[PDB]
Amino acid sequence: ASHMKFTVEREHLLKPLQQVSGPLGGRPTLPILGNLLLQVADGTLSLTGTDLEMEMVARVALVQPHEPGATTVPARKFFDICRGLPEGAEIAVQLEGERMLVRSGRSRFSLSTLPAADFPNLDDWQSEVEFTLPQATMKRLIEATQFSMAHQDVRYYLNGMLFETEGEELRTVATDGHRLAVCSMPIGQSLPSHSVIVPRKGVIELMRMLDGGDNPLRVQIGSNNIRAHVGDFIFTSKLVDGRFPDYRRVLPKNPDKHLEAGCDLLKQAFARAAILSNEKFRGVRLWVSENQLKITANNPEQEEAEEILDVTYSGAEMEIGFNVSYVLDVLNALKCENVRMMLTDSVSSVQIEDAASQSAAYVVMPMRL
């Protein structure tokens, strides 16, 4: 364990290195958080990156003679060296004193190290629920809602995504207090009930590990941590504390005005109107009348966009204002033929959803224009 050494084909290293460098990046703090932990033992090389809140581990099987041990090495420099070597290269790595040597061909790189003993670990924990699902289903759930997470709200429980198991369904919820997205998908297993908040940076990391086609995703949820296994990777994150809002109480109660329109026509009309909306406040005005929607936008310069669209609507006329970016985010996430908007009045939220599917639902709160 004192003299780590391994030799591995470049192509078995590149994707693991790229993946484990995900939690890394900006804001130097502890020096060793810019490093990857390398551990050789019993036929396996493990590579780990962490930002203290979450960690990503990749396992690479070692075919060739190796000696056990561990060290840490600058992540980006090690990846850039491996990637810069020619296709098919064999990469021989060994600790020499306080340096890590990387050799291939007549190329030699001697990298600085920091001790493996200094590499931070997440505290140990106990999984309460576990389930396995296709990557495509998790990717659905996250893409349907991720845009509605808050970024830096003082309501820190909003800077993340709720993952909820209920019956046979896995559900995601995201909201920033101005808009909410919820999506649920069947999992094919009866699950205990759990509701946990994954921090927004963990959502992004989870989601970048779903490159794999058909390798399934195994999820374990504890009281304070979540872990996802895909292929040879294991991702673990802390959870966020707090009582996340109940989407069931956020959905508009009995909206009485039901508008249906083509999703692409509606999206393009809002996108053009947005050009002449206020650059900061983004307000657009919707006027609904018999089978018609009018969208208007004005800015401090007194420029004005107006779009009129034929829609399906029978009901009282009303006017309502929205941040057009929030509406465009919903329409971009729907990707369907027809959308349904369900309205109540000018001061109340609206529900937006695919006219043909109820798997996802969106709620947007209006603006007083």
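Residues carry their position along the shown sequence, with the first being 1.
303-311 set against 24-32, stretch whose average Cα temperature factor tops the other in the entry: It is 24-32 that shows the higher mean C-alpha B-factor.
Higher-scoring stretch by recorded Cα B factor average, 190-198 or 263-271: Comparing 190-198 with 263-271, the higher average CA B-factor belongs to 190-198.
Most elevated Cα B-factor in the entry, residues 105, 216, 177, 283: Checking the PDB record, the top C-alpha B-factor among 105, 216, 177, 283 is at 216.
Top residue by Cα temperature factor, when 54, 330, 58, 63 are compared in the entry: The C-alpha B-factor peaks, among 54, 330, 58, 63, at 63.
Residue 347 - which third its CA temperature factor falls in, relative to the rest of the chain: Tercile = middle for this residue's CA B-factor.
Where the record places residue 5 (Cα B-factor, split into thirds across the chain): According to the entry, residue 5 has a C-alpha B-factor in the chain's highest third.
Third assignment of residue 240 from its chain's C-alpha B-factors: Its C-alpha B-factor, which the entry lists for residue 240, ranks in the highest third among residues of this chain.
Residue 148 - which third its CA temperature factor falls in, relative to the rest of the chain: Within its chain, residue 148 is a lowest-third residue by C-alpha B-factor, going by the deposited values.
Cα B factor band for residue 361 (lowest, middle or highest third within the chain): For residue 361, the deposited C-alpha B-factor lands in the lowest third.
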